[PDB]
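To start, the structure under review is shown below, and the notes come after it.
What follows draws every value from the coordinates through simple rules; no lab data is involved. Cβ coordinates were reconstructed from backbone atoms using ideal geometry, including for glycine residues, and neighbour counts include every protein chain displayed.
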Amino acid sequence: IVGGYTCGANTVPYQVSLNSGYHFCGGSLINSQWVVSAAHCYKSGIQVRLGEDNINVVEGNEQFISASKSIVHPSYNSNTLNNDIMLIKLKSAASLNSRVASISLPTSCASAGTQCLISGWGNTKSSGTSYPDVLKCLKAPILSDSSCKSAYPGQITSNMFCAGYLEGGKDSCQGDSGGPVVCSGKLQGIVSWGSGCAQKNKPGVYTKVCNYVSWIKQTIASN
Amino acid sequence: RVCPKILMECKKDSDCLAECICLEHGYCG
Ligand SMILES: [Ca+2]
C-alpha cells in the first residue's frame, strides 16, 4: 500500500496472507472455511495465514491452515485479468474469534465516490521497494467508470472498477493482490492490477465483487 | 501497462506476469 497508515494489529480481522514460503498475495475470509482472492494469485501449495499483523514475528494470534482446493473463476482470462477472482477452501475450519472474523458479501454494487478501505502487506513505495512488516491501510474512493475507462483505454471490463486518486501518491501495490476493498462493511473489490503503483492518472483496478456474489455463494455451498 | 499486484521475485523482465517488468531489487513491478 503506498501512501497509507498502519491499520493496527488485528483491526482488519478478515485480512489473510497467502504464503508459499513468503507472503505473495492477500485474501479475505468470507466464512470459517473459505477465502476469496485474485485468480492470478493461484499457486499449488498455498498456506493461508490468518490473525496476522507482523508477518515476520509470531505474536500469538495467528492460525496457519493449508489450502485444500482453489477454484479459479471459469471465465478468468489471464491475458486481460477479466474475472480475476478465486475461492480457496481451507483444509480445516478457522477458529473465528475477535482477531479472526469474516467479511460480508455485498447485496448491491457500490457507487462512484463511496470511500472504501484497502489493506495489505504490499510495497509502500511507488518507485523503489519497501515491503512492510505490519499491515497497512488506505482509505480511497471508487472512481467513476468514465475516469476508469479514460485512464486505461480498452482495458477495463464491466467486471472491474478503479479506486484511488487520479493525482497519484496513494494506491495498492505489488504484494497487495487478492486483498480486500471494503465499503460500508461489505467486500466490494479484490486488489487486481494497475500500471505500476500510485502513478498520476493510473489508479488501481479492482475486481468488482458484486457481479460474482451468486457464483461465490453457489460455489461455497457446493464444495 | 497491465501489471498484476502479486509479489514475485525475478531475475529478468521475462520472469514477470503480463506487462510487469523486473525491477532492480529483484521483484516484479
Ligand atoms: Ca505474525
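Would you list the strands (runs of 3 or more DSSP E) that sit entirely within segment A:1-73 and hold 1 or more residues that are under 24 Å from A:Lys208 (Cβ atoms) and aromatic (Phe, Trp, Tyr)?
Once the strands (runs of 3 or more DSSP E) in segment A:1-73 are filtered for at least 1 residues that are under 24 Å from A:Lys208 (Cβ atoms) and aromatic (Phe, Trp, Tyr), what remains is A:23-31, A:34-37.
Tell me which residues, restricted to chain B, are farther than 14 Å from A:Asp176 by Cα, facing chain A (nearest Cβ under 10 Å) and outside any loop (DSSP other than H, G, I, E, B).
Hit for chain B is B:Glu9, nothing else.
Mind checking which strands (runs of 3 or more DSSP E) fall wholly inside segment A:116-197 and carry at least 2 residues that are out of contact with any helix residue (DSSP H, G or I) (no Cβ under 7 Å at 6 or more places or on another chain), within 14 Å of another protein chain (Cβ to nearest Cβ) and closer than 19 Å to B:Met8 by Cα?
Numbers: elements: A:136-141, A:160-163, A:180-183, A:186-194.
Result: A:186-194.
Just a yes or no: is a residue in segment A:62-81 away from chain B (no Cβ under 14 Å), away from the ligand (no atom under 16 Å from the Cβ) and among the basic types (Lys, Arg)?
Yes, because at least one residue in segment A:62-81 is away from chain B (no Cβ under 14 Å), away from the ligand (no atom under 16 Å from the Cβ) and among the basic types (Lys, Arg).
Name the residue, out of A:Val36, A:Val58, A:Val48, A:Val16, that is more than 13 Å from A:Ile88 (Cα to Cα) and away from chain B (no Cβ under 14 Å).
Numbers: A:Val36 fails: more than 13 Å from A:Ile88 (Cα to Cα); A:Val48 fails: more than 13 Å from A:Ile88 (Cα to Cα); A:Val16 fails: more than 13 Å from A:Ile88 (Cα to Cα).
Checking each option against the conditions leaves just A:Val58.
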